[PDB]
Amino acid sequence: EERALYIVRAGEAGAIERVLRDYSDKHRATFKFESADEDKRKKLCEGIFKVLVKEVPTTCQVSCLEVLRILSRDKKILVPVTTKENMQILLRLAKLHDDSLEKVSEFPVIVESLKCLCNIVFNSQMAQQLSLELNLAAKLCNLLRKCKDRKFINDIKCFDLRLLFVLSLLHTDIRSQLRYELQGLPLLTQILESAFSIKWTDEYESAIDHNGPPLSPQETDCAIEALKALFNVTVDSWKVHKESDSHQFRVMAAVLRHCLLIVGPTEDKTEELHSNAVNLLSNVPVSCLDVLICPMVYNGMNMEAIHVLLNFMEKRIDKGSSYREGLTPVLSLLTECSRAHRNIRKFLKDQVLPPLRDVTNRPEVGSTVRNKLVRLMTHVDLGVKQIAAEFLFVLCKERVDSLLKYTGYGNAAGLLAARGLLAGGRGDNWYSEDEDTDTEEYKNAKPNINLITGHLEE
Amino acid sequence: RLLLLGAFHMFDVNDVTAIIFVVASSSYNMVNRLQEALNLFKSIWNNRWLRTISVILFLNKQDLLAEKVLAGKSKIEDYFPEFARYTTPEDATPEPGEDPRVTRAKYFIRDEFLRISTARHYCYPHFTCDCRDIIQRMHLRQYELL
């Protein structure tokens, strides 16, 4: 750091660029720092901001911003550099005051300034209050509006959305303004629609081409960032609902249904996209979730998105890691969708629980979806087992006997104890009149079936 | 009828179908209290008159166990010496969003009961004692500095 600052104080603009480029190359991949050189880093950080005040070529500005971004990884040196003037300089460099995008040579400076702002806001807590006092979210939204449809402005959009996500995750007043006073939902929905290039055939229907090409990494990143921001925007207020928001909540669900039927460049990107889509779908009110089905067919309908969700859940069940953060959202979404709509429940019942034909083996021994869901009912985690039992309970029209027919009393003891149905009975919601659905072989065997284990024993 | 030996028509204390057994999971450091429960379970499981009756096992007060494990004032190794060399089974599931100590304690406590039964009737253990907060906590842990 000692050579650097010696030359930094010198005027000339070529030497500073070379020194800072060498420093960036040397420390490009360091994330651990020692307390011996804290003061030498602080002095250089203070000098960098002093340099940025004057007018210098773009190449020097990019190197200065890169060095500042590298140095911002340490929290201990961010105390004496978190004043208002520094943040004003950073905002001026990012064109958040100067809001013109007619020059193409200034884009990397904007990207670097946004990266530095993200790092500083995440690390420092005084920066959050300063951002609240400087009206940062409104200016970010103005930039997003100004970036409606142009070329070579993908990275600016991604990092603007990343800064919005950070701000809405860390602070609550900014979240409230984004939700109510700034109209963020239509803007983010328009961003998503432009990302997916959606053309409407009906009010809530979009044209699907099954032979279309996959997405691109740029569009995938933009969509992931937009979905992550939309999750934070709509999480604050969802228990209150009025008819004025139904149209906006239905357009979002239509867009997400379109999202659930495409693929990305690789399998990991596709799984990430679908996971974020499920996370966002978990927030929409249930009465507006009926636009997931269009007039795999059931009763003259299209039932493909539910099939995609079921395959996603099965593929995540197959692996044996991170059940709490990988299984609860999709299971909750499926349960809530089935509880309110009839066609979805009737389509899922004959796909998860076909009519019983074999009673020789135990319900938890096998390799079908039913066997996996029964095995999930005795986990050491509470939420996972509870939601897994609740899904199968809902699919059986909330009747105890139909549940004991398919899982057995031994595996269903937790739900019965929790809900008070431990001595038989039924739930509260009513669905329709009982019908017969029994296979002939089961009728012959039925008299010799054990209730606790739920199989025919020799 | 279902008998309730722990502390349809269920009665406490030949028409028996299943047995429900209730123990407190957080009593590992009381003078032990899990040792008496395990001895009672071994006594009731090996009875010749109950060779065809299944057992359903309930393990409650899980949050108190988690708090006691996280406190650090008491350790399982001071009461169960075999815990030092214990290794997780092959059907365990890692949880990156939780402290490994409580997961190891839960698996050890379950296996203590399970090995007695495994070494025809069967046993079913159940642990007894929000989606928005799970996702929010995940976002804060996986954030990477630029």
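Every residue, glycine among them, receives a Cβ derived from its backbone with ideal geometry; neighbour counts consider all protein chains shown. Each value in this text was obtained by applying a stated rule to the coordinates, not by laboratory testing.
Some observations on this one:
- Virtual spin-label span in nm between A:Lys139 and B:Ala71, 7 Å along Cα→Cβ: 5.1
- If you wrap the tightest convex hull around every Cα atom of chain B and split its volume per residue, you get 169 Å³.
- Label zone (A:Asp173, point 7 Å along Cα-to-C-beta; backbone nitrogen cut-off 16 Å) within the range A:112-148: A:125-139.
- Placing dummy labels 7 Å off each Cα toward the beta-carbon, the span from A:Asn444 to B:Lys61 is 5.3 nm.
- Positive-end extreme of charge dipole, the range A:213-280 - chosen from A:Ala254, A:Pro265, A:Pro213 (charges on Cβ): A:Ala254
- Which listed pairs, of A:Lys54/A:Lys103; A:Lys372/A:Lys446; A:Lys242/A:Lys269; A:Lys115/A:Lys385; A:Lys84/A:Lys242; A:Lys239/A:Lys385, have C-alpha distances above 32 Å, in listed order: A:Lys242/A:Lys269; A:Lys115/A:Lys385; A:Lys84/A:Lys242
- Cβ-based exposure ranking for A:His455, A:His97, A:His307, A:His210, in which fewest neighbours within 10 Å come first: A:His210, A:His97, A:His307, A:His455
- In chain B, the calculated helix contribution to ellipticity at 222 nm averages -11500 deg cm²/dmol per residue, counting -39,500 (n - 2.57) for every DSSP H run with n ≥ 4.
- DSSP bridge orientation in the protein assembly as shown - percent antiparallel, rounded to nearest 5: 25
- Each of B:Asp63, A:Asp74 was scored by other Cβ atoms within 10 Å of its Cβ. Listed from fewest to most, they are B:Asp63, A:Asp74.
- Projected label points at B:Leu40 and A:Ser432, each 7 Å from Cα along the beta carbon direction, are separated by 4.9 nanometres.
- Residue among A:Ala412, A:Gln128, A:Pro447 farthest towards the positive dipole end of the protein assembly as shown, charges placed on Cβ: A:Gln128
- Test item: A:446-453 mean partner chain Cβ contacts at 10 Å: 3
- The sum of -39500 (n - 2.57) across all DSSP H runs of n ≥ 4, divided by the residue count of chain A, sets its helix-only mean residue ellipticity at 222 nm to -17500 deg cm²/dmol.
- In this calculation the C-beta distance from B:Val13 to A:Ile208 is compared with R0 = 60 Å, giving a FRET efficiency of 0.40.
- Among A:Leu327, A:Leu144, A:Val291 - extreme Cα towards positive end, dipole of the range A:1-350, charges at beta-carbon: A:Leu327
- Charges were assigned to the Cβ only: +1 to each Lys and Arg, -1 to each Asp and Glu. The resulting dipole of the range A:1-78 about its Cα centre is roughly 180 debye.
- Ordering A:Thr378, B:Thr52 by the number of other Cβ atoms within 10 Å of each residue's own Cβ, fewest first, gives B:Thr52, A:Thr378.
- For the range A:1-126: rounded, prolate or oblate by the Cα gyration tensor [a/c cutoff 1.5]: oblate
- Chain A, dipole about Cα centre (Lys/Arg Cβ +1, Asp/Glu Cβ -1), debye to the nearest 20: 1080
- With a 10 Å cut-off around each Cβ of B:135-141, the average count of Cβ atoms from other chains is 4.
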